[PDB]
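Q: quick one: experimental structure and sequence below.
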Amino acid sequence: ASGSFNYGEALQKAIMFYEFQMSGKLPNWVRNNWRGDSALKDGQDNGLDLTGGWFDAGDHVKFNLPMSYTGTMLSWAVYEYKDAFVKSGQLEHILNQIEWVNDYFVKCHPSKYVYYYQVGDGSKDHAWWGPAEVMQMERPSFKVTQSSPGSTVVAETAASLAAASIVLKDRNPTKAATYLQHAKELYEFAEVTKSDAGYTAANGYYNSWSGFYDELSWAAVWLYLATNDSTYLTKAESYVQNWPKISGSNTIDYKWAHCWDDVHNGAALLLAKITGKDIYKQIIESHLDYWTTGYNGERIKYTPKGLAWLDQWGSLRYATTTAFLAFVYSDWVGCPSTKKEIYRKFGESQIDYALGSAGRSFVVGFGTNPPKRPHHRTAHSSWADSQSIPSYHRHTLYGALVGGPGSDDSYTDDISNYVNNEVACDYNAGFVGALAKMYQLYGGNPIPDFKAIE
Ligand SMILES: OC[C@H]1O[C@@H](O[C@H]2[C@H](O)[C@@H](O)[C@H](O[C@H]3[C@H](O)[C@@H](O)[C@H](O)O[C@@H]3CO)O[C@@H]2CO)[C@H](O)[C@@H](O)[C@@H]1O
Ligand SMILES: OC[C@H]1O[C@@H](O[C@H]2[C@H](O)[C@@H](O)[C@@H](O)O[C@@H]2CO)[C@H](O)[C@@H](O)[C@@H]1O
Ligand SMILES: [Ca+2]
């Protein structure tokens with residue numbers, strides 16, 4: 001331990017967060033004793049077992065686009081920083097979560113060109129405030145097919161399975177092989193269709209804003225790393241020409257973040273490492289420069305206390321994700337020497353901000369004055385379909401990164417504030433990776449064998 005925070009405790013808790021999001025019949029490896037079996041009929045309206053995976057946020061919809069982006073990012077964390085997971089004793093836990101979610105994606109892929117991308121209706125789910133185990137509303141399941149396609153979600157799910165096939169190969173080679181075959185098939189489904197016309201049930205929640213060419217690249221990169229089949233690298237590289245642009249221009253948009261919707265930055269970073277080509281270094285460096293010292297004279301907004309601030313809804317998610325990219329690229333022998341130190345220090349600053357450098361932790365159950373009322377139905381555990389009853393959450397959602405402060409560093413801690421005070425799979429995803437790197441650098445010991453037991 002040589003840093004400002006206990007990064008192993010933070011990593012351990014940030015992984016544990018996913019336990020609390022689990023849907024379906026809980027396996028005996030779950031550490032906590034307060035979540036129970038839930039959503040056991042998922043898929044039965046379509047004749048299939050679609051139980052499992054993760055509830056998305058503070059709700060009980062299963063939205064496979066952010067769920068699969070999460071899947072990919074957790075495996076990317078292991079891919080980069082396995083030795084940190086081994087040292088902290090956290091490898092088994094993050095692999096359990098990766099296996100869990102990719103098992104659910106396999107369930108969601110019951111015919112080559114049939115993929116279930118949602119379980120739950122946003123309207124019905126959101127209208128009730130109570131814990132998962134007692135839900136009584138209908139929970140329809142929704143699918144895309146060749147005639148009603150969803151290339152964005154299908155490709156992102158392909159990425160997740162390909163990445164899992166890599167990092168789970170040592171522990172479970174059989175399952176890793178299964179995941180790779182489903183990844184290949186899903187990738188073909190997304191390429192043959194190149195359309196999101198049938199991806200409708202997530203509208204209002206997780207629309208595909210940027211389109212699917214960023215996911216086509218990203219999934220092909222993971223598939224290349226899983227297979228060593230150079231066709232996938234050809235595709236990955238090719239689809240760069242159709243990546244999201246600054247509107248009205250031919251210039252790839254570097255002013256957002258790697259996130260559930262838009263994975264081109266991570267794809268660029270990995271293509272830079274794989275190929276060494278200046279084209280990809282130019283993409284990822286424009287982005288990381290914009291977030292740090294500036295690019296072509298403009299720089300992301302910063303709060304006074306040092307948060308790089310993209311948007312008021314899940315500001316910490318975007319900054320912590322960019323932190324992980326900054327660490328991965330700065331670890332690369334190809335990164336320019338001086339940018340190494342700029343990028344690393346930027347990543348440290350954003351993770352430290354999350355953990356409490358500004359005076360307050362933004363991670364549930366960790367640090368100084370952490371959030372106590374996250375917008376989360378199951379942690380709260382109302383018996384009265386009411387955010388105000390009980391006044392205090394029944395359960396502590398250890399490790400959950402909340403949305404984050406305003407652009408002036410302020411924050412409140414209100415159950416009703418889903419903009420600043422919700423928690424989500426995608427919010428924790430890059431954060432886990434960035435925490436592994438900080439533990440690698442600075443240590444801080446996890447709480448031995450910590451379990452969230454009431
Ligand atoms: O044009 C700016 C960038 O937009 C990116 O998409 C964002 C959407 O514009 C945005 O409405 C949406 O917001 C979500 C949020 O991400 C989620 O956590 C939450 O629960 O609900 C919000 C409101 O529905 O986010 C997406 C992704 O950031 C593009 O991805 C990007 O290419 C573009 O530059
Ligand atoms: O979609 C934004 C958030 O919605 C939250 O649900 C709201 C719902 O939108 C309203 O119609 C009303 O019913 O109040 C709900 C809160 O009790 C939902 O809980 C969050 O997960 C969403 O991000
Ligand atoms: Ca996209």
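A: Yep, that arrived. Residues are numbered from 1 along each chain as shown. Ligands and ions are numbered 1, 2, ... in the order given.

Q: so where's the longest helix in this structure?
A: helix 64-87 (DSSP state H).

Q: in it, which residues are buried?
A: 64-81, 84-85, 87 (16 or more other C-beta atoms under 10 Å). From N, CA and C alone the C-beta is placed, and that goes for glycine too.

Q: quickly find the element holding residue 349.
A: helix 337-355 (DSSP states H and E).

Q: so what touches that helix?
A: Residues outside helix 337-355 that contact it (C-beta atoms under 8 Å, 6 or more residues apart in numbering) are 4-5, 7, 10, 285, 288-289, 291-293, 305-308, 316, 319-320, 322-324, 326-327, 329-330, 335, 357, 361-363, 366-367, 401, 431, 434-435, 437-438, 441.

Q: okay, and which of the residues you listed map to helices?
A: Reading helices off these with DSSP H, I get 7, 10, 285, 288-289, 291, 316, 319-320, 322-324, 326-327, 329-330, 431, 434-435, 437-438, 441.

Q: flag every residue of this protein that's near ligand 2.
A: 57, 58, 59, 126, 127, 129, 418, 422 (C-beta under 6 Å from any ligand atom).

Q: give me every residue that touches the first one.
A: Translated: residue 57. Shown in contact with residue 57 (C-beta under 8 Å, 6+ apart): 375, 376, 422, 423, 424, 425.

Q: nearest residue to the closest residue to ligand 2 within the stretch 101-250 of the chain in space, please, no chain neighbours.
A: Nearest to ligand 2, among the residues of the stretch 101-250 of the chain, is residue 126, at 3.7 Å (C-beta to the nearest ligand atom). Closest residue to residue 126 apart from its sequence neighbours, by C-beta to C-beta, 6 or more residues apart in numbering: residue 59 at 5.9 Å.

Q: tell me which element the one you found falls in.
A: Using DSSP H and E, no helix or strand contains residue 59.

Q: thinking again about what came up before, tell me the one of the residues of the chain next to ligand 2 nearest ligand 3?
A: Using C-beta to the ion, residue 57 is the member of those that lies nearest ligand 3, at 19.2 Å.

Q: sorry, back to before: ok and the longest helix of the chain relative to helix 315-330, angle-wise?
A: Per axes from the mean of the first three to the mean of the last three C-alpha atoms, to 10 degrees, the angle that helix 64-87 makes with helix 315-330 is 50 degrees.

Q: count the residues that sit near residue 50.
A: By the criterion of other C-beta atoms under 10 Å, residue 50 has 26 neighbours.

Q: that one reaches residue 41, doesn't it?
A: No. Applying C-beta atoms under 8 Å, one finds residue 50 not in contact with residue 41, separated by 9.2 Å.

Q: quick one: the longest helix of the chain near ligand 3?
A: No. Using C-beta under 5 Å from the ion, helix 64-87 never reaches ligand 3; the gap is at least 8.8 Å.

Q: for ligand 1, what are the nearby residues on the stretch 301-450 of the chain?
A: 313, 314, 424.

Q: what comes up buried for the next helix or strand after the helix holding residue 349?
A: Counting by DSSP H and E, the next helix or strand C-terminal to helix 337-355 is helix 377-380. Within helix 377-380, the residues that qualify as buried are 377, 378, 379, 380, counting by 16+ other C-beta under 10 Å.

Q: what is the nearest of the residues you listed to residue 452?
A: Using C-beta to C-beta, the shortest approach to residue 452 within the buried residues of helix 377-380 belongs to residue 379, at 10.7 Å.

Q: and that closest one, what is it in contact with?
A: 20, 58, 364, 393, 394, 395, 396, 397.

Q: filter those to the buried ones?
A: Buried among the contacts of residue 379 by 16+ other C-beta under 10 Å: 20, 58, 364, 393, 395, 396, 397.

Q: of the residues you listed, which is the nearest to ligand 2?
A: For the buried ones among the contacts of residue 379, the nearest to ligand 2 is residue 58 (4.7 Å; C-beta to the nearest ligand atom).

Q: grab the nearest non-local neighbour of that closest one.
A: residue 376 (3.9 Å).

Q: ditto for residue 335
A: Counting by C-beta to C-beta, 6+ apart, the residue nearest residue 335 is residue 329, at 5.4 Å.

Q: part of a helix, is residue 142?
A: No. Secondary structure of residue 142 (DSSP: H, G, I helix; E, B strand; the rest coil): strand, not part of a helix.

Q: how close does it get to ligand 1?
A: To ligand 1, residue 142 is 18 Å away according to C-beta to the nearest ligand atom, to the nearest Å.

Q: thought that residue was touching residue 118?
A: Yes. The pair residue 142 and residue 118 qualifies as a contact (C-beta under 8 Å) at a distance of 4.3 Å.

Q: between these two, which is the more surrounded one?
A: Using other C-beta under 10 Å as the criterion, residue 142 and residue 118 rank with residue 118 on top: 29 against 20.

Q: in the sheet, who's paired with the more buried one?
A: As for beta bridges, residue 118 partners with residue 63, residue 142 under DSSP bridges.

Q: next, residue 281: secondary structure please.
A: Residue 281 ends up helix, using three-state DSSP.

Q: my guess is residue 202 contacts residue 65. True?
A: Yes. Taking contacts as C-beta under 8 Å, residue 202 lies within contact range of residue 65: 6.4 Å.

Q: now the common contact residues for these two.
A: Common neighbours of residue 202 and residue 65 (C-beta under 8 Å, 6+ apart) are 117, 153.

Q: of the buried residues of helix 377-380, closest to residue 133?
A: Among the buried residues of helix 377-380, and counting by C-beta to C-beta, the member closest to residue 133 is residue 378, at 7.9 Å.

Q: residue of the stretch 1-150 of the chain nearest ligand 3, please.
A: For the stretch 1-150 of the chain, C-beta to the ion, closest residue to ligand 3: residue 65, 8.8 Å.

Q: tell me if I'm right that that residue and residue 115 touch.
A: No. Contact criterion C-beta under 8 Å: residue 65 and residue 115 do not qualify, at 11.5 Å.

Q: which neighbours do the two share?
A: Common neighbours of residue 65 and residue 115 (C-beta under 8 Å, 6+ apart) are residue 153.

Q: and the nearest residue to residue 31 once chain neighbours are set aside, how many neighbours?
A: The spatially closest residue to residue 31, leaving aside those adjacent along the chain, is residue 451, at 4.0 Å (C-beta to C-beta, 6+ apart). Per other C-beta under 10 Å, the neighbour tally for residue 451 reads 11.

Q: where does residue 451 sit: helix, strand or coil?
A: Going by three-state DSSP: residue 451 is coil.

Q: show me the contacts for it.
A: 31, 32, 33.

Q: give the contact list for the second one.
A: Which is residue 32. Counting by C-beta under 8 Å, 6+ apart, residue 32 has contacts 16, 19, 20, 451, 452, 453.
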